[PDB]
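Peer 1: pasting the first chains of the complex, positions unchanged:
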Amino acid sequence: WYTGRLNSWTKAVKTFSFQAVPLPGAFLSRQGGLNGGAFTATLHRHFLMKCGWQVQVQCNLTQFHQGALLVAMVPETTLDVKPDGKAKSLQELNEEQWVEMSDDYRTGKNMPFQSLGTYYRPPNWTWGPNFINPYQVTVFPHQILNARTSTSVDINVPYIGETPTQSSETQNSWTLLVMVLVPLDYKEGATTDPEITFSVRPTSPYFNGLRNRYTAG
Amino acid sequence: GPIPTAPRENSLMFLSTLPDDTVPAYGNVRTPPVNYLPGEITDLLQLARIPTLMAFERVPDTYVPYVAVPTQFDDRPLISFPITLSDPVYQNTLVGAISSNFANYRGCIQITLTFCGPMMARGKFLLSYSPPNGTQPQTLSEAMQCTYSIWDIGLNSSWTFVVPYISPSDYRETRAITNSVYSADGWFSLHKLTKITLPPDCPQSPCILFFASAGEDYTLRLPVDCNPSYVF
Amino acid sequence: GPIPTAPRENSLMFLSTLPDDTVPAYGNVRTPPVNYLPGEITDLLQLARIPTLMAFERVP
Amino acid sequence: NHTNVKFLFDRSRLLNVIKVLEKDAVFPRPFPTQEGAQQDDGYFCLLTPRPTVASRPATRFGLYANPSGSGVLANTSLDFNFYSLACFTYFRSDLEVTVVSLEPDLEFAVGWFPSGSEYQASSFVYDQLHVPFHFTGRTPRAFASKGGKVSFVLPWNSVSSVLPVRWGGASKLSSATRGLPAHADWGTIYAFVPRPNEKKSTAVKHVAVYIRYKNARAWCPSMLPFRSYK
Amino acid sequence: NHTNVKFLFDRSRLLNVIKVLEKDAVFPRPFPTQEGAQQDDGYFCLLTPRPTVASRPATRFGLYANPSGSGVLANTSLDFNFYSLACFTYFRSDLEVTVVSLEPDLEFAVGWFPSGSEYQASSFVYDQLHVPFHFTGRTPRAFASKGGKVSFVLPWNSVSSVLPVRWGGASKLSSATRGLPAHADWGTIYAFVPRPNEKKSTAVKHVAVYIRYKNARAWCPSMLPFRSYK
């Protein structure tokens, strides 16, 4: 059981804003101060993996709090990278504190791409296949987080993939995201800006291969 | 014997929806079994059944999937709309999107509501449906004559609602080029029955959400080609 | 009855890998038996199994 | 029964328009590409619903809404109908191809190869006549009379188990762009005239392409594209 | 057995003549219509025995016995044979369509959609060539060689149970004209040439239309048209 800390909810957060934890990729950066300690390194000495997942969330509001949060498991997402094609840094995470909605994400416009070069004219990018539909997020496995009854999160997604197994350093078919349904509000005096904590558990893994610790290209 | 050639009336033609097959090109192929993938899909009804969240333009470009109960009181309904899939309110729901790719539909429409507010507050709500007439009803008195139901705040938090399928035909127009009897089916509205309770030191302006889904008898027909506008 | 001519969608075409046969030209032929030749081959796997020697460019 | 995925995905739709070959020609080269190359464009097309640019796989879709400029323009395509139709993380089916001329009273043939291969270049010389080698090979070549019509069905030909509608991994350890698949296609198609290169003509010819899916299946539902409130 | 309605209503008859499309074009707009619009006429036709004007349903039949005047002329049609044939308040049957060219050695294709839908407008641009989207879609598109011949059978496609020969109600609460039906048709038909709009030509082309009823049935006998004693 690995546990991690996310950024704390504030009333300043707009609606449809979000943040996500792409498993198992977040482990490499120890996202949210998480260190599995065993699996994290075991992946390095292997190449192919096939395992499930099991997650959880927590956020303590109080009698005089109100708000709504959306949590769901969206597969095959690619929102954990900057438009150029580089993953964000810890400084960038601490700065943003949240992912705000934008037409770019709504349209899949600014997802990473290869520059054509000097041979071609500059095309006008208009759309992409990894758009984000804010309203229809509820279709995938999900739950609500209401300040009056938000207890915790629970989910268990079976394995998925274009092939029975994939490479660890590249595979990304499952991802956890949280969305702010109703902006947080409350009377002063009770718990202010409650923290959000996440837990992750793999299930029935099968590590494959053997070699020395993976070396950067 | 020799080919008793019987010439065909209109051969040497290309047809878009010809059902029969054609000549194989590179037969004798083998494929990797795909039984390991779960979550198989059979028909679009599987996705059409799962509910989703509608939205409305912000009260005086940001649509909102929630509504908050106001402190002010009036006899008019707080939120209402026509039951017509072409309306913007359904313009992003899964049911609306799927229906947009068909000539006509058939079956009931299912609606769900959810509350999000304080602890020690209570109230009452009235749900109603009104078939088409000269103009949309305005007063709760006029609405009361139509079909309605009572939803208590405190009994439960989601008093599911379904609009019965009523029409003088077997189907109805998915899109309405011109207003017609078979296209529009009146409106649906919600009315605040009584003033809600404001307990000590609790926040104000509770929040309510609405969800839509296709009924068990929902069915489409006559597929068509899509509008490619969304690319722009 | 008369030919109930059902025109075909894309006849009058030439295709490289059409499996079916064609009209015989000079049928009624006889051939010398070839059973006396040994070492028949069935599939390329027979040759693929027999080992061989690799090589490398001479070291400077 | 109209809602059935099979009953829905069994009709022909246009894909792209391409010119007619008249010589061996050079194949396009990967990106980024510098100027001065002899690679020519608008002759080869890949069979794939996903967006593509200059006959190669792509991630972001573009359009030349601005006509003026300098440099070489590029081709693009995307199955509007398929994408708007429904939601499915995974998909597999046999791809059926059909071609019809777009010029008055033309005759030609078509050539194809599956994924993983590449265009065969170079040409022979017969009795002082030069002919590209792509005329003959291991793979099918089709022939039709004047006017023209071509039809056949290709079997599944990619190593991957299925076709991912919205993928998010990477293909290689170094420099691989995230989310860009590898072999989500049925190969490449091209057209040519059975005449020697010595008799090339200036007038250009153009031809359209239509495809159809047979025996479709899907998994893991997904979302649908957004539409504005403007 | 000649008196049987089925044995009577099973033969082809001419319906109307229409031009050949060469661009996206604007669809006609409802009445009354003001001047200056870009809507063009004589390209789309609705499948209906009842009288129609300018490709739209109508109540009163008209004819341009006076050629001179100013403004835009309109198309009209009515199945003389069907109306004179017999009396039936209600009717239903599958409609069979067939088309033949009216010009020397022409080739083309035809396009159709059922009731309730409408023409799809706009066009794409491929490699600097503009093509309307109506080429591809969810509905059938037919292709024939030079000379030309098109045939197929359409199933019943209207919400109403039957087709009313002489109806007297109204369709909508406000401004609806009494007696004018709503969807007594099998859709709309149109013809076009598989060439880019950039290569449009001035010479006009014209084509006729023939229809045939299959498996007809009737109810509630009625009266027959009067004929003068002049």
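Peer 2: Good, I have the coordinates. Numbers count the residues shown, from 1 in each chain, chains lettered A, B, ... in the order given.
Peer 1: Show me what counts as buried in the lengthiest strand in chain D.
Peer 2: Determined from DSSP state E, the single longest strand within chain D is strand D:206-219. Residues of strand D:206-219 classed as buried by neighbour count (16 or more other CB atoms under 10 Å in any protein chain shown): D:206, D:207, D:208, D:209, D:210, D:211, D:212, D:213, D:216, D:217, D:218, D:219. Where you see a C-beta, it was placed from the backbone N, CA and C, and this is true even at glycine.
Peer 1: Ok, stretch D:139-159 next?
Peer 2: Applying 16+ other CB under 10 Å to stretch D:139-159 flags D:139-142, D:144, D:147-158 as buried.
Peer 1: do the same with stretch D:107-116
Peer 2: So, applying 16+ other CB under 10 Å, buried residues of stretch D:107-116: D:108, D:109, D:110, D:111, D:112, D:113, D:114, D:115.
Peer 1: That one near chain A at all?
Peer 2: No - against chain A, stretch D:107-116 shows no contacts by CB under 8 Å from any CB of the partner chain, the least distance being 14.5 Å.
Peer 1: Tell me who's in contact with the closest residue to residue B:29 other than its chain neighbours.
Peer 2: Closest residue in space to residue B:29, ignoring its immediate chain neighbours: residue D:155 at 4.2 Å, by CB to CB, 6 or more residues apart in numbering or on different chains. Counting by CB atoms under 8 Å, 6 or more residues apart in numbering or on different chains, residue D:155 touches B:24, B:25, B:26, B:27, B:29, D:94.
Peer 1: ok, now with 7 Å
Peer 2: Shown in contact with residue D:155 (CB atoms under 7 Å, 6 or more residues apart in numbering or on different chains): B:26, B:27, B:29, D:94.
Peer 1: Any idea how far the longest helix seen in chain D is from the middle of the chain?
Peer 2: Of all segments of type helix in chain D, defined using DSSP state H, the longest is helix D:80-85. The chain centroid and the centroid of helix D:80-85 are separated by 17 Å under CA atoms, centre = their mean, to the nearest Å.
Peer 1: which outside residues touch that helix?
Peer 2: Here helix D:80-85 makes contact (CB under 7 Å, 6+ apart) with B:101, B:225, B:226, B:228, B:230, B:231, D:8, D:13, D:49, D:225, E:138.
Peer 1: Export those to TSV and append columns for secondary structure.
Peer 2: Formatted as TSV, the contacts of helix D:80-85 follow (DSSP: H, G, I helix; E, B strand; the rest coil):
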residue	secondary structure
B:101	coil
B:225	coil
B:226	coil
B:228	helix
B:230	helix
B:231	helix
D:8	helix
D:13	strand
D:49	coil
D:225	coil
E:138	coil
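Peer 1: What is the nearest of those residues to chain C?
Peer 2: Sorting those by distance to chain C puts residue D:13 at the head of the list, at 17.2 Å, by CB to the nearest CB.
Peer 1: re the thing from before, the longest strand of chain D packs against which elements?
Peer 2: helix D:5-8, strand D:13-19, strand D:90-101 (3 or more CB pairs under 7 Å, 6 or more residues apart in numbering or on different chains; DSSP states H and E).
Peer 1: can you rerun that using 10 Å?
Peer 2: Secondary-structure packing of strand D:206-219 (3 or more CB pairs under 10 Å, 6 or more residues apart in numbering or on different chains; DSSP states H and E): helix D:5-8, strand D:13-19, helix D:80-85, strand D:90-101, strand D:150-154, strand D:188-192.
Peer 1: And the ones you listed: which comes nearest residue D:127?
Peer 2: Evaluated over those, closeness to residue D:127 peaks at strand D:188-192, with 20.4 Å, by CB to CB.
Peer 1: orientation of the closest one relative to strand D:13-19 in degrees?
Peer 2: Per axes from the mean of the first three to the mean of the last three CA atoms, to 10 degrees, the angle that strand D:188-192 makes with strand D:13-19 is 50 degrees.
Peer 1: Drop chain F onto that structure:
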Amino acid sequence: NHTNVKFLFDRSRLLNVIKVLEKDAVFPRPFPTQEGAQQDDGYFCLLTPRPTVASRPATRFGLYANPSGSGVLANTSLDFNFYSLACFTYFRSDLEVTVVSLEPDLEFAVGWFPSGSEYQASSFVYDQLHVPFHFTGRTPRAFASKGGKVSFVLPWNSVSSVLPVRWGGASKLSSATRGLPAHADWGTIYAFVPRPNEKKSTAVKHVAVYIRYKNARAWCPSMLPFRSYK
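Peer 2: Chain F now in position relative to the chains above:
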């Protein structure tokens, strides 16, 4: 099952391109040949995968990489695909032939004879019109309409039990070249126009040839061609 020799050797491939006959003509004569002869070249072709020169069997393959020079050029051919495909000292199968024009809207017929025979020369004169005798004979003659397409299957027609891929004997006691086979072929093919020689035209016509093996078998595996490390 792809590895099966039968499943591999059952597809059509191009062989050679030849001109169209317009007269009786003289057949090529054996080597060495002195100048001044009337024998013409580029009209007759032998059906054989092995290398050939000037429509006759050969041992060493050549190519005219140097265009300039003086004298008469020659034809050559070799089944690149077959030789690279696999290894088999011996082989036998029925040979299937197919021909397609390489000129605009042409009509013609084809003529063939098996091994051991030779071209029939001379011509008759009908009502002051001269026609070669090769029009009629004991062996098949094929006829096709304009555009053109010819197809049929020839049975095995050589005395030798099988076809030797790499032979090393000799055929005759005196002067016979070692390794040069005798009748490893299916005969000779030629094309001609059904018009009198009196109406000969200057413009040349050219035609391609495609062949296909049916029911192939092999024996005594062998080696494969070397490829450089350059």
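Peer 1: Repeat for the contacts of residue D:155, accounting for chain F.
Peer 2: B:24, B:25, B:26, B:27, B:28, B:29, B:30, B:31, D:94, D:95, D:114, D:186 (CB atoms under 10 Å, 6 or more residues apart in numbering or on different chains).
Peer 1: Redo those as CSV? Include distance to residue A:64.
Peer 2: Listed next are those as CSV, based on distance: CB to CB, whole Å:
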residue, distance to residue A:64
B:24, 71
B:25, 70
B:26, 70
B:27, 71
B:28, 72
B:29, 66
B:30, 65
B:31, 60
D:94, 61
D:95, 60
D:114, 66
D:186, 61
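Peer 1: Filter those down to the buried ones and hand me the PyMOL line.
Peer 2: Buried residues within the contacts of residue D:155, by 16+ other CB under 10 Å, are selected in PyMOL with:
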select buried, (chain B and resi 24+25) or (chain D and resi 94+95+114+186)
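Peer 1: of all of chain A, which residue lies closest to chain F?
Peer 2: For chain A, CB to the nearest CB, closest residue to chain F: residue A:163, 22.5 Å.
Peer 1: correct me, but that residue touches residue D:158?
Peer 2: No - contact between residue A:163 and residue D:158 fails when scored by CB atoms under 10 Å: they sit 11.3 Å apart.
Peer 1: Look up the residues that both of the two are in contact with.
Peer 2: residue B:32.
Peer 1: In this structure residue B:119 contacts residue A:190, no?
Peer 2: No - Residue B:119 lies out of contact with residue A:190 (CB under 10 Å); the separation is 11.8 Å.
Peer 1: Please identify every residue contacting each of these two.
Peer 2: A:62, A:63, A:64, A:65.
Peer 1: Pick out the most distant pair among those residues.
Peer 2: With distances taken as CB to CB, the most widely separated pair in the shared contacts of residue B:119 and residue A:190 is A:63 and A:65, at 7.2 Å.
Peer 1: Of those two, give the one with the bigger neighbour count.
Peer 2: The neighbour comparison of residue A:63 against residue A:65 (other CB atoms under 10 Å in any protein chain shown) goes to residue A:65, with 24 against 16.
Peer 1: which residue of chain A sits farthest from its center?
Peer 2: When distances to the mean C-alpha position of chain A are computed (CA atoms, centre = their mean), the maximum falls on residue A:119, with 37.3 Å.
Peer 1: Any figure for the gap between it and residue F:155?
Peer 2: 56 Å (CB to CB, to the nearest Å).
Peer 1: hang on, the earlier thing: just give the nearest non-adjacent residue to the residue farthest from the centre of chain A, would you?
Peer 2: Leaving aside its chain neighbours, residue A:119 sits nearest to residue D:33 (4.2 Å; criterion: CB to CB, 6+ apart).
Peer 1: Check residue A:69 too.
Peer 2: If the residues on either side of it in the chain are set aside, residue A:69 comes closest to residue A:145, at 3.3 Å by CB to CB, 6+ apart.
Peer 1: What of residue B:214?
Peer 2: With CB to CB, 6+ apart, the residue lying closest to residue B:214 is residue B:48, at 4.4 Å.
Peer 1: Tell me who's in contact with the one you found.
Peer 2: B:93-95, B:97-99, B:213-215, B:218-220, D:3.
Peer 1: and which of those residues is nearest chain F?
Peer 2: So of the contacts of residue B:48, ranked by how close each gets to chain F (CB to the nearest CB), first place is residue D:3, at 38.9 Å.
Peer 1: OK, contacts around the closest one?
Peer 2: B:42-48, B:98, B:102, B:218-221, B:223, D:86.
Peer 1: Just the buried ones from those residues?
Peer 2: B:44, B:47, B:48, B:98, B:102, B:218, B:219, B:220, B:221, B:223, D:86.
Peer 1: what's the closest residue to the last one other than its chain neighbours in contact with, if anything?
Peer 2: Pointing back at residue D:86 there. Distances taken as CB to CB, 6+ apart put residue B:44 closest to residue D:86, at 6.1 Å, once the chain neighbours are dropped. When the contact criterion is CB under 10 Å, 6+ apart, the partners of residue B:44 are B:94-95, B:98, B:101-102, B:214, B:220, D:2-5, D:8, D:85-87, D:221.
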